[PDB]
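Asks: Hey, dropping model.txt in here, compact mmCIF, C-alpha atoms:
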```
# COMPACT_ATOMS: atom_id res chain seq x y z
CA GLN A 42 25.40 24.93 243.60
CA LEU A 43 24.70 26.50 247.01
CA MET A 44 26.68 29.58 245.96
CA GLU A 45 24.84 29.82 242.60
CA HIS A 46 21.34 29.73 244.12
CA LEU A 47 22.48 32.08 246.90
CA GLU A 48 23.77 34.61 244.38
CA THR A 49 20.58 34.43 242.34
CA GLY A 50 18.57 34.94 245.51
CA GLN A 51 20.63 37.96 246.50
CA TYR A 52 20.03 39.50 243.07
CA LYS A 53 16.27 38.89 243.27
CA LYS A 54 16.25 40.48 246.75
CA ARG A 55 18.04 43.55 245.40
CA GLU A 56 15.47 43.81 242.61
CA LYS A 57 12.74 44.11 245.23
CA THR A 58 14.84 46.60 247.23
CA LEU A 59 15.11 48.85 244.18
CA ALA A 60 11.34 48.91 243.71
CA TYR A 61 10.96 49.99 247.35
CA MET A 62 13.73 52.56 247.16
CA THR A 63 12.19 54.05 244.02
CA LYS A 64 8.86 54.38 245.86
CA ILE A 65 10.43 56.20 248.81
CA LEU A 66 12.53 58.44 246.57
CA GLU A 67 9.39 59.40 244.65
CA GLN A 68 7.68 60.22 247.95
CA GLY A 69 10.64 62.38 248.85
CA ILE A 70 10.70 64.38 245.63
CA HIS A 71 6.92 64.87 245.91
CA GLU A 72 7.77 67.34 248.72
CA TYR A 73 9.65 69.39 246.12
CA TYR A 74 6.75 69.31 243.66
CA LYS A 75 4.22 70.28 246.34
CA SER A 76 6.16 73.35 247.44
CA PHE A 77 8.12 74.73 244.46
CA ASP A 78 7.25 75.64 240.90
CA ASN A 79 7.60 72.88 238.27
CA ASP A 80 10.99 73.89 236.91
CA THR A 81 12.46 74.38 240.39
CA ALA A 82 11.05 71.07 241.66
CA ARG A 83 12.59 69.19 238.73
CA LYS A 84 15.95 70.94 239.30
CA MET A 85 15.78 69.94 242.96
CA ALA A 86 14.96 66.32 242.06
CA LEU A 87 17.85 66.03 239.61
CA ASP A 88 20.31 67.77 241.94
CA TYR A 89 19.27 65.29 244.66
CA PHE A 90 19.81 62.37 242.28
CA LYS A 91 23.27 63.77 241.48
CA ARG A 92 24.02 63.68 245.19
CA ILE A 93 22.85 60.04 245.39
CA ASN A 94 25.03 59.03 242.44
CA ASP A 95 28.00 60.96 243.91
CA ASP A 96 27.65 58.86 247.08
CA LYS A 97 28.85 55.83 245.03
CA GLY A 98 26.77 53.46 247.15
CA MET A 99 23.99 50.98 246.65
CA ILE A 100 22.11 52.73 243.85
CA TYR A 101 22.62 55.05 240.91
CA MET A 102 19.71 56.94 239.36
CA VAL A 103 18.83 57.42 235.69
CA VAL A 104 15.81 59.54 234.60
CA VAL A 105 13.99 59.88 231.28
CA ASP A 106 10.71 61.52 230.32
CA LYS A 107 7.66 59.58 229.07
CA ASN A 108 8.82 60.06 225.49
CA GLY A 109 12.32 58.80 226.13
CA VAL A 110 14.20 62.10 226.41
CA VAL A 111 17.09 61.62 228.81
CA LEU A 112 16.78 63.93 231.78
CA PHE A 113 19.58 62.60 234.06
CA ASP A 114 22.51 60.26 233.47
CA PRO A 115 25.94 61.33 234.72
CA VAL A 116 27.55 58.26 233.06
CA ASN A 117 26.39 59.54 229.65
CA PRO A 118 26.14 63.32 230.08
CA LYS A 119 25.93 64.11 226.39
CA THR A 120 22.66 62.18 226.11
CA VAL A 121 20.90 64.60 228.49
CA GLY A 122 18.25 66.63 226.67
CA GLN A 123 18.23 64.29 223.70
CA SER A 124 15.92 61.43 222.72
CA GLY A 125 17.31 58.18 224.06
CA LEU A 126 15.03 55.95 222.00
CA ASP A 127 17.90 54.73 219.81
CA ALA A 128 20.50 54.66 222.59
CA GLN A 129 22.16 51.26 222.99
CA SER A 130 24.33 49.84 225.70
CA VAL A 131 27.58 48.21 224.59
CA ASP A 132 25.84 44.83 224.87
CA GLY A 133 23.16 46.01 222.44
CA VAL A 134 20.26 46.78 224.77
CA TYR A 135 17.96 49.73 224.01
CA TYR A 136 18.08 50.66 227.67
CA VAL A 137 15.72 53.67 227.45
CA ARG A 138 13.14 51.57 225.57
CA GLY A 139 13.50 49.08 228.42
CA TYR A 140 12.85 51.79 231.03
CA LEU A 141 9.70 52.89 229.17
CA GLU A 142 8.40 49.37 228.60
CA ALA A 143 8.80 48.55 232.30
CA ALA A 144 7.14 51.79 233.40
CA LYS A 145 4.17 51.19 231.04
CA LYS A 146 3.56 47.87 232.90
CA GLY A 147 3.49 49.65 236.28
CA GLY A 148 7.17 49.14 237.00
CA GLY A 149 9.80 46.60 236.03
CA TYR A 150 13.35 45.73 235.14
CA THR A 151 15.90 46.32 232.36
CA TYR A 152 19.19 44.45 232.16
CA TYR A 153 22.26 45.81 230.37
CA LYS A 154 25.95 46.70 230.65
CA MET A 155 27.18 50.21 231.43
CA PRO A 156 30.13 51.83 233.15
CA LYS A 157 29.79 53.11 236.70
CA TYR A 158 31.19 56.48 235.56
CA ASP A 159 31.77 58.27 232.25
CA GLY A 160 34.71 56.53 230.50
CA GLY A 161 34.88 53.57 232.86
CA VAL A 162 34.85 49.82 232.17
CA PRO A 163 31.37 48.54 231.32
CA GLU A 164 29.75 46.29 233.90
CA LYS A 165 26.57 44.30 234.11
CA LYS A 166 23.73 46.12 235.89
CA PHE A 167 19.98 46.35 236.15
CA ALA A 168 17.40 49.08 236.47
CA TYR A 169 13.99 49.22 238.11
CA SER A 170 11.94 51.92 236.41
CA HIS A 171 8.60 53.48 237.29
CA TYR A 172 6.49 56.40 236.04
CA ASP A 173 6.02 59.01 238.77
CA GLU A 174 2.81 60.80 237.95
CA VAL A 175 3.52 63.83 240.17
CA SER A 176 6.85 64.68 238.48
CA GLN A 177 5.96 63.11 235.14
CA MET A 178 9.34 61.44 235.08
CA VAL A 179 10.29 57.82 234.42
CA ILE A 180 12.64 57.25 237.35
CA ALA A 181 15.14 54.37 237.30
CA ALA A 182 17.01 53.15 240.37
CA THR A 183 19.94 51.00 239.25
CA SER A 184 22.52 48.68 240.81
CA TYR A 185 25.67 46.94 239.56
CA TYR A 186 26.13 43.22 240.13
CA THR A 187 29.76 43.84 241.24
CA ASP A 188 28.46 46.04 244.04
CA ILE A 189 25.83 43.52 245.12
CA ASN A 190 28.57 40.90 245.30
CA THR A 191 30.79 43.24 247.35
CA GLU A 192 28.00 43.89 249.84
CA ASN A 193 27.34 40.15 250.15
CA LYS A 194 31.04 39.17 250.41
CA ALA A 195 30.97 38.54 254.17
CA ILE A 196 27.81 36.37 253.84
CA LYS A 197 29.60 34.43 251.08
CA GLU A 198 32.74 33.97 253.17
CA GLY A 199 30.66 32.81 256.17
CA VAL A 200 28.88 30.13 254.15
CA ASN A 201 32.26 29.03 252.80
CA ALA B 41 22.51 24.16 260.82
CA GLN B 42 25.43 26.45 261.74
CA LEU B 43 25.08 27.59 258.12
CA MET B 44 21.66 29.14 258.73
CA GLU B 45 22.91 30.84 261.93
CA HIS B 46 25.88 32.53 260.28
CA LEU B 47 23.73 33.39 257.23
CA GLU B 48 21.10 35.12 259.36
CA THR B 49 23.77 37.06 261.30
CA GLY B 50 25.29 38.12 257.99
CA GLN B 51 21.95 39.26 256.65
CA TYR B 52 21.38 41.38 259.77
CA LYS B 53 24.84 42.94 259.47
CA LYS B 54 24.11 43.74 255.84
CA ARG B 55 20.84 45.43 256.77
CA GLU B 56 22.68 47.52 259.39
CA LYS B 57 24.87 48.89 256.62
CA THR B 58 21.83 49.44 254.37
CA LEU B 59 20.19 51.61 257.08
CA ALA B 60 23.29 53.81 257.36
CA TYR B 61 23.22 54.38 253.58
CA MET B 62 19.47 54.98 253.50
CA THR B 63 19.77 57.52 256.29
CA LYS B 64 22.44 59.38 254.31
CA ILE B 65 20.30 59.56 251.16
CA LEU B 66 17.20 60.61 253.12
CA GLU B 67 19.20 63.43 254.73
CA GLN B 68 20.36 64.51 251.28
CA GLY B 69 16.73 64.59 250.16
CA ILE B 70 15.35 66.74 252.96
CA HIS B 71 18.26 69.20 252.74
CA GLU B 72 16.88 70.38 249.28
CA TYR B 73 14.19 72.32 251.13
CA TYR B 74 15.94 73.09 254.44
CA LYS B 75 18.06 75.26 252.08
CA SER B 76 14.92 77.24 250.97
CA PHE B 77 12.25 77.29 253.76
CA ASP B 78 12.15 78.34 257.40
CA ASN B 79 12.95 75.67 260.00
CA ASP B 80 9.34 75.05 261.05
CA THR B 81 8.16 74.60 257.44
CA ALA B 82 11.14 72.44 256.42
CA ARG B 83 10.74 70.18 259.47
CA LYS B 84 7.00 69.78 258.78
CA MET B 85 7.85 68.68 255.24
CA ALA B 86 10.48 66.19 256.41
CA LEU B 87 8.18 64.65 259.00
CA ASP B 88 5.32 64.48 256.50
CA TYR B 89 7.66 62.55 254.23
CA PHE B 90 8.74 60.26 257.05
CA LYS B 91 5.07 59.58 257.87
CA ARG B 92 4.63 58.39 254.29
CA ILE B 93 7.70 56.14 254.56
CA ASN B 94 6.35 54.52 257.73
CA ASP B 95 2.86 54.21 256.15
CA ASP B 96 4.49 52.22 253.29
CA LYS B 97 5.08 49.39 255.82
CA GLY B 98 8.19 48.27 253.96
CA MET B 99 11.87 47.91 254.71
CA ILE B 100 12.34 50.84 257.10
CA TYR B 101 10.45 52.90 259.70
CA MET B 102 11.75 56.29 260.82
CA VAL B 103 12.02 57.72 264.34
CA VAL B 104 13.29 61.25 264.94
CA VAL B 105 14.44 63.07 268.10
CA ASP B 106 16.15 66.40 268.62
CA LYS B 107 19.69 66.79 269.94
CA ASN B 108 18.41 66.88 273.51
CA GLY B 109 16.19 63.79 273.14
CA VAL B 110 12.81 65.45 272.63
CA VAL B 111 10.77 63.11 270.46
CA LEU B 112 9.87 64.72 267.12
CA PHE B 113 8.42 61.76 265.20
CA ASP B 114 7.31 58.28 266.28
CA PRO B 115 3.92 57.06 265.07
CA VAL B 116 4.23 53.91 267.22
CA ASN B 117 4.36 56.03 270.37
CA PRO B 118 2.41 59.20 269.53
CA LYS B 119 2.07 60.31 273.17
CA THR B 120 5.82 60.73 273.40
CA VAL B 121 5.94 63.31 270.60
CA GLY B 122 6.89 66.77 271.94
CA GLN B 123 8.12 65.28 275.25
CA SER B 124 11.60 64.47 276.44
CA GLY B 125 12.31 60.88 275.58
CA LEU B 126 15.34 60.56 277.85
CA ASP B 127 13.50 58.30 280.32
CA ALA B 128 11.48 56.42 277.70
CA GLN B 129 12.05 52.65 277.98
CA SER B 130 11.17 49.89 275.62
CA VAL B 131 9.36 46.87 277.03
CA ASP B 132 12.71 45.07 277.26
CA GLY B 133 14.13 47.88 279.39
CA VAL B 134 16.20 49.79 276.85
CA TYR B 135 16.42 53.58 277.02
CA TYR B 136 16.05 53.75 273.28
CA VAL B 137 16.29 57.53 272.90
CA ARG B 138 19.48 57.53 274.99
CA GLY B 139 20.76 54.88 272.57
CA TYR B 140 19.90 57.05 269.56
CA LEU B 141 21.83 59.96 271.10
CA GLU B 142 24.85 57.89 272.16
CA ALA B 143 25.12 56.46 268.66
CA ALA B 144 24.74 59.87 267.05
CA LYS B 145 27.47 61.34 269.30
CA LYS B 146 29.90 58.74 267.91
CA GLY B 147 29.11 59.76 264.32
CA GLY B 148 26.35 57.21 263.80
CA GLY B 149 25.51 53.84 265.27
CA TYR B 150 23.02 51.24 266.42
CA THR B 151 20.44 50.72 269.18
CA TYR B 152 18.73 47.32 269.78
CA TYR B 153 15.35 47.04 271.52
CA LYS B 154 11.84 45.59 271.29
CA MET B 155 8.92 47.66 270.02
CA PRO B 156 5.64 47.18 268.15
CA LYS B 157 5.41 47.91 264.44
CA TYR B 158 2.35 50.12 265.10
CA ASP B 159 0.65 51.71 268.10
CA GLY B 160 -0.95 48.90 270.12
CA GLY B 161 0.73 46.03 268.27
CA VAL B 162 2.72 43.10 269.64
CA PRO B 163 6.31 44.08 270.47
CA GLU B 164 9.01 42.81 268.08
CA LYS B 165 12.76 42.86 268.14
CA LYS B 166 14.24 45.67 266.04
CA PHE B 167 17.25 47.92 265.60
CA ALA B 168 17.84 51.55 264.78
CA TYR B 169 20.65 53.32 262.99
CA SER B 170 20.81 56.92 264.18
CA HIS B 171 22.77 59.90 262.94
CA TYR B 172 22.86 63.60 263.77
CA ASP B 173 22.03 65.61 260.67
CA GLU B 174 23.66 69.01 261.19
CA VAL B 175 21.62 70.78 258.49
CA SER B 176 18.24 69.88 259.99
CA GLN B 177 19.57 69.58 263.54
CA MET B 178 17.68 66.32 263.96
CA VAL B 179 18.84 62.93 265.19
CA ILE B 180 17.34 60.78 262.43
CA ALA B 181 16.85 57.03 263.01
CA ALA B 182 16.16 54.53 260.24
CA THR B 183 14.88 51.31 261.81
CA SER B 184 14.05 47.74 260.76
CA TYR B 185 12.40 44.76 262.39
CA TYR B 186 14.07 41.34 262.39
CA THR B 187 10.79 39.66 261.32
CA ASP B 188 10.80 41.76 258.16
CA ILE B 189 14.47 41.06 257.37
CA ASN B 190 13.66 37.35 257.75
CA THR B 191 10.63 37.70 255.43
CA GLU B 192 12.73 39.44 252.80
CA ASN B 193 15.37 36.71 253.03
CA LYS B 194 12.95 33.72 253.09
CA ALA B 195 13.42 32.73 249.44
CA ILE B 196 17.21 32.74 249.94
CA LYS B 197 16.83 30.58 253.08
CA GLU B 198 14.52 28.13 251.27
CA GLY B 199 17.04 27.89 248.39
CA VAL B 200 19.86 27.02 250.79
CA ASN B 201 17.53 24.30 252.05
```
Go ahead and express the file in the form of structure tokens.

Replies:
Amino acid sequence: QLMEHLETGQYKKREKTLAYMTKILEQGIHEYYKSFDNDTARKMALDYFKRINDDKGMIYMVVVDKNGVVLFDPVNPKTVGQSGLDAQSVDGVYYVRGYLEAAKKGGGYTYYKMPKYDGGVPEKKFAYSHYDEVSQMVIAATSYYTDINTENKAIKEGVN
Amino acid sequence: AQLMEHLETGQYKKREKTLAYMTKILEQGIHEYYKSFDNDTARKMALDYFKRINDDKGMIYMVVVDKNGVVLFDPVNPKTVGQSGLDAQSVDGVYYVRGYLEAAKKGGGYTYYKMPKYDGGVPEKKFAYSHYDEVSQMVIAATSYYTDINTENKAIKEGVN
């Protein structure tokens, strides 16, 4: 029981962390939008997000526009430039609809399974999404439960 | 009782790792325009961004010094900006800028000291992860306060109880 409630607490904490990280990443890309033309600023934002995903660390970004067109998702590269409104995860979640619904509420969460990389084994994850009015993008910061558990392994072993 | 001790220590160690990762991704962000603009302009943009991070009053607060220890950014201690920080001491007697530089020379590391959260506030225990960013030529420090880590972890602590 201790472990169960601890794990749940760690996941809830990470949810809040993703909301904060999304805020600071938005503030970062606002520098691009203030100083470069629209098309260049968006290129810079998505190239940055590629660099974040390539780091294979705490978070992985996904980006869609307000109408659900996929702008960035290296796990599903063929979806880029297409409507994602009918896209489903392998566990049957309309993940882009979830991003949009959360953003319409001022920010929120979507839960679904997806690989960590194109062609990989699907794993449970979640997304915090938010509509950035400067870039006019719905930005999603995402984390995998496997990774959260890895990061918390030493805490878990210490309690044991 | 020993449970809470080892849990808290673990949570602090986790946050140390988080700051190293956050510093990496912040560096990757500011490089997008170091690549395009002159140094003065790019640095102004980076430090404007970092001001907004600190103004968020959330998980992290940035401090920045140059490779020689001149303070570039520290809203808690605005009088130190543009001065050598080599002899700057925290209230608990730590040469914090020397710590930032020693850590950066090793490829990244940690400095532990007491400092307010804002200019004129009560001093609080904190730690900094610092790293030398070769593109910007800045020693960038992401920092967090133990009080805030404890706040963030309160629901977990209550659940264990």

Asks: Within 12 Å of residue B:201, counting all atoms listed in the file, which residues qualify if same-chain residues fewer than 2 places away don't, as a VMD selection string?

Replies: (chain A and resid 42 to 43 46 to 47) or (chain B and resid 41 43 to 44 194 to 199)

Asks: Could you state the separation of atom CA of residue B:66 and atom CA of residue B:167 in Å, given to one decimal place?

Replies: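 Result for atom CA of residue B:66 versus atom CA of residue B:167: 17.8 Å, one decimal.
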
Asks: Set the cut-off to 10 Å and count all atoms listed in the file: what are the residues of chain B that reach chain A? Output as a PyMOL selection string.

Replies: chain B and resi 42-51+53-54+57-58+61-62+64-66+68-73+76-77+82+85-86+88-90+92-94+96+98-100+192-201

Asks: Quote the spacing between atom CA of residue B:154 and atom CA of residue B:95 in Å to one decimal place.

Replies: 19.6 Å

Asks: Atom CA of residue B:157 to atom CA of residue B:103: how many Å, to one decimal?

Replies: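 Atom CA of residue B:103 lies at a distance of 11.8 Å from atom CA of residue B:157.
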
Asks: My list of candidates is A:181, A:189, A:102, A:155. Which is closest to residue A:132 when distances are computed with all atoms listed in the file?

Replies: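 Closest to residue A:132 of all the choices is A:155.
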
Asks: For a quick check of understanding, using all atoms listed in the file, which of A:154, A:182, A:129, A:148 has the smallest distance to residue A:113?

Replies: A:182

Asks: Set the distance at 6 Å and use only C-alpha atoms: which residues neighbour stretch 151-153 of chain A once local chain neighbours fewer than 6 positions away are removed? I'd like the list as a list in words.

Replies: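 With the cut-off at 6 Å, the set is residues 139, 165, 166, 167 and 168 of chain A.
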
Asks: Identify the residues around (20.3, 62.6, 265.6) within a radius of 9 Å, measuring from all atoms listed in the file in the coordinates stated by the file, and give them as a list in words.

Replies: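 Protein, DNA and RNA residues close to (20.3, 62.6, 265.6): residues 104, 105, 106, 107, 109, 140, 141, 143, 144, 145, 148, 170, 171, 172, 173, 174, 177, 178, 179, 180 and 181 of chain B.
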
Asks: Could you pull the residues within 9 Å of residue B:135, counting all atoms listed in the file, minus those fewer than 6 positions along the same chain, as a VMD selection string?

Replies: chain B and resid 125 to 129 153

Asks: For the residues selected in the previous step, produce a file with C-alpha atoms as a short mmCIF file (atom, residue, chain, number, x, y, z; two decimals), keeping the file's coordinate frame.

Replies:
```
data_model
loop_
_atom_site.label_atom_id
_atom_site.label_comp_id
_atom_site.auth_asym_id
_atom_site.auth_seq_id
_atom_site.Cartn_x
_atom_site.Cartn_y
_atom_site.Cartn_z
CA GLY B 125 12.31 60.88 275.58
CA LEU B 126 15.34 60.56 277.85
CA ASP B 127 13.50 58.30 280.32
CA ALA B 128 11.48 56.42 277.70
CA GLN B 129 12.05 52.65 277.98
CA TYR B 153 15.35 47.04 271.52
#
```

Asks: Taking N, CA, C and O atoms as the atom set, what does stretch 173-195 of chain B look like once completed, written as a PDB file, in the coordinates of the input?

Replies:
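The resulting file, out12.pdb, is reproduced below:
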```
ATOM      1  N   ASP B 173      21.997  64.871 261.917  1.00  0.00           N
ATOM      2  CA  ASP B 173      22.030  65.610 260.670  1.00  0.00           C
ATOM      3  C   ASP B 173      22.224  67.078 261.010  1.00  0.00           C
ATOM      4  O   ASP B 173      21.314  67.709 261.544  1.00  0.00           O
ATOM      5  N   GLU B 174      23.405  67.632 260.725  1.00  0.00           N
ATOM      6  CA  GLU B 174      23.660  69.010 261.190  1.00  0.00           C
ATOM      7  C   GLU B 174      22.796  70.029 260.466  1.00  0.00           C
ATOM      8  O   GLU B 174      22.355  70.998 261.094  1.00  0.00           O
ATOM      9  N   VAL B 175      22.452  69.809 259.199  1.00  0.00           N
ATOM     10  CA  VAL B 175      21.620  70.780 258.490  1.00  0.00           C
ATOM     11  C   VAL B 175      20.249  70.946 259.140  1.00  0.00           C
ATOM     12  O   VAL B 175      19.785  72.065 259.355  1.00  0.00           O
ATOM     13  N   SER B 176      19.569  69.823 259.391  1.00  0.00           N
ATOM     14  CA  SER B 176      18.240  69.880 259.990  1.00  0.00           C
ATOM     15  C   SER B 176      18.257  69.958 261.503  1.00  0.00           C
ATOM     16  O   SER B 176      17.227  70.221 262.121  1.00  0.00           O
ATOM     17  N   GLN B 177      19.419  69.689 262.087  1.00  0.00           N
ATOM     18  CA  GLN B 177      19.570  69.580 263.540  1.00  0.00           C
ATOM     19  C   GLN B 177      18.632  68.548 264.159  1.00  0.00           C
ATOM     20  O   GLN B 177      18.094  68.753 265.248  1.00  0.00           O
ATOM     21  N   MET B 178      18.458  67.433 263.455  1.00  0.00           N
ATOM     22  CA  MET B 178      17.680  66.320 263.960  1.00  0.00           C
ATOM     23  C   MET B 178      18.570  65.104 264.088  1.00  0.00           C
ATOM     24  O   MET B 178      19.406  64.846 263.204  1.00  0.00           O
ATOM     25  N   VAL B 179      18.310  64.289 265.104  1.00  0.00           N
ATOM     26  CA  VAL B 179      18.840  62.930 265.190  1.00  0.00           C
ATOM     27  C   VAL B 179      17.817  62.028 264.502  1.00  0.00           C
ATOM     28  O   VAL B 179      16.724  61.774 265.021  1.00  0.00           O
ATOM     29  N   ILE B 180      18.202  61.564 263.310  1.00  0.00           N
ATOM     30  CA  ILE B 180      17.340  60.780 262.430  1.00  0.00           C
ATOM     31  C   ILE B 180      17.698  59.302 262.618  1.00  0.00           C
ATOM     32  O   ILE B 180      18.872  58.938 262.531  1.00  0.00           O
ATOM     33  N   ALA B 181      16.679  58.478 262.876  1.00  0.00           N
ATOM     34  CA  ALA B 181      16.850  57.030 263.010  1.00  0.00           C
ATOM     35  C   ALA B 181      16.059  56.290 261.949  1.00  0.00           C
ATOM     36  O   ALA B 181      14.839  56.460 261.850  1.00  0.00           O
ATOM     37  N   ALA B 182      16.782  55.522 261.136  1.00  0.00           N
ATOM     38  CA  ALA B 182      16.160  54.530 260.240  1.00  0.00           C
ATOM     39  C   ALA B 182      16.156  53.201 260.988  1.00  0.00           C
ATOM     40  O   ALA B 182      17.178  52.798 261.533  1.00  0.00           O
ATOM     41  N   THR B 183      15.022  52.504 261.016  1.00  0.00           N
ATOM     42  CA  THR B 183      14.880  51.310 261.810  1.00  0.00           C
ATOM     43  C   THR B 183      14.293  50.163 260.988  1.00  0.00           C
ATOM     44  O   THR B 183      13.544  50.391 260.040  1.00  0.00           O
ATOM     45  N   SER B 184      14.619  48.932 261.381  1.00  0.00           N
ATOM     46  CA  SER B 184      14.050  47.740 260.760  1.00  0.00           C
ATOM     47  C   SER B 184      13.801  46.684 261.820  1.00  0.00           C
ATOM     48  O   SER B 184      14.483  46.630 262.856  1.00  0.00           O
ATOM     49  N   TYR B 185      12.815  45.843 261.534  1.00  0.00           N
ATOM     50  CA  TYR B 185      12.400  44.760 262.390  1.00  0.00           C
ATOM     51  C   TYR B 185      12.986  43.438 261.883  1.00  0.00           C
ATOM     52  O   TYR B 185      12.974  43.171 260.683  1.00  0.00           O
ATOM     53  N   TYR B 186      13.467  42.595 262.795  1.00  0.00           N
ATOM     54  CA  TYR B 186      14.070  41.340 262.390  1.00  0.00           C
ATOM     55  C   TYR B 186      13.081  40.459 261.642  1.00  0.00           C
ATOM     56  O   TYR B 186      13.465  39.765 260.710  1.00  0.00           O
ATOM     57  N   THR B 187      11.803  40.454 262.040  1.00  0.00           N
ATOM     58  CA  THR B 187      10.790  39.660 261.320  1.00  0.00           C
ATOM     59  C   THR B 187      10.763  40.018 259.858  1.00  0.00           C
ATOM     60  O   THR B 187      10.607  39.139 258.987  1.00  0.00           O
ATOM     61  N   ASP B 188      10.869  41.308 259.555  1.00  0.00           N
ATOM     62  CA  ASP B 188      10.800  41.760 258.160  1.00  0.00           C
ATOM     63  C   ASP B 188      12.063  41.371 257.387  1.00  0.00           C
ATOM     64  O   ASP B 188      11.977  40.994 256.207  1.00  0.00           O
ATOM     65  N   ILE B 189      13.232  41.468 258.018  1.00  0.00           N
ATOM     66  CA  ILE B 189      14.470  41.060 257.370  1.00  0.00           C
ATOM     67  C   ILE B 189      14.341  39.566 257.033  1.00  0.00           C
ATOM     68  O   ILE B 189      14.707  39.115 255.940  1.00  0.00           O
ATOM     69  N   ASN B 190      13.864  38.780 257.992  1.00  0.00           N
ATOM     70  CA  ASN B 190      13.660  37.350 257.750  1.00  0.00           C
ATOM     71  C   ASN B 190      12.689  37.092 256.607  1.00  0.00           C
ATOM     72  O   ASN B 190      12.971  36.250 255.754  1.00  0.00           O
ATOM     73  N   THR B 191      11.579  37.837 256.553  1.00  0.00           N
ATOM     74  CA  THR B 191      10.630  37.700 255.430  1.00  0.00           C
ATOM     75  C   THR B 191      11.285  37.974 254.077  1.00  0.00           C
ATOM     76  O   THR B 191      11.127  37.217 253.103  1.00  0.00           O
ATOM     77  N   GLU B 192      12.065  39.033 254.032  1.00  0.00           N
ATOM     78  CA  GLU B 192      12.730  39.440 252.800  1.00  0.00           C
ATOM     79  C   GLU B 192      13.754  38.404 252.324  1.00  0.00           C
ATOM     80  O   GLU B 192      14.035  38.284 251.125  1.00  0.00           O
ATOM     81  N   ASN B 193      14.338  37.698 253.280  1.00  0.00           N
ATOM     82  CA  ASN B 193      15.370  36.710 253.030  1.00  0.00           C
ATOM     83  C   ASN B 193      14.855  35.262 252.983  1.00  0.00           C
ATOM     84  O   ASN B 193      15.663  34.338 252.849  1.00  0.00           O
ATOM     85  N   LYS B 194      13.538  35.061 253.005  1.00  0.00           N
ATOM     86  CA  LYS B 194      12.950  33.720 253.090  1.00  0.00           C
ATOM     87  C   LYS B 194      13.251  32.885 251.853  1.00  0.00           C
ATOM     88  O   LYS B 194      13.535  31.691 251.976  1.00  0.00           O
ATOM     89  N   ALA B 195      13.143  33.477 250.667  1.00  0.00           N
ATOM     90  CA  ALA B 195      13.420  32.730 249.440  1.00  0.00           C
ATOM     91  C   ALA B 195      14.873  32.262 249.396  1.00  0.00           C
ATOM     92  O   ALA B 195      15.155  31.124 248.952  1.00  0.00           O
TER      93      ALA B 195
END
```
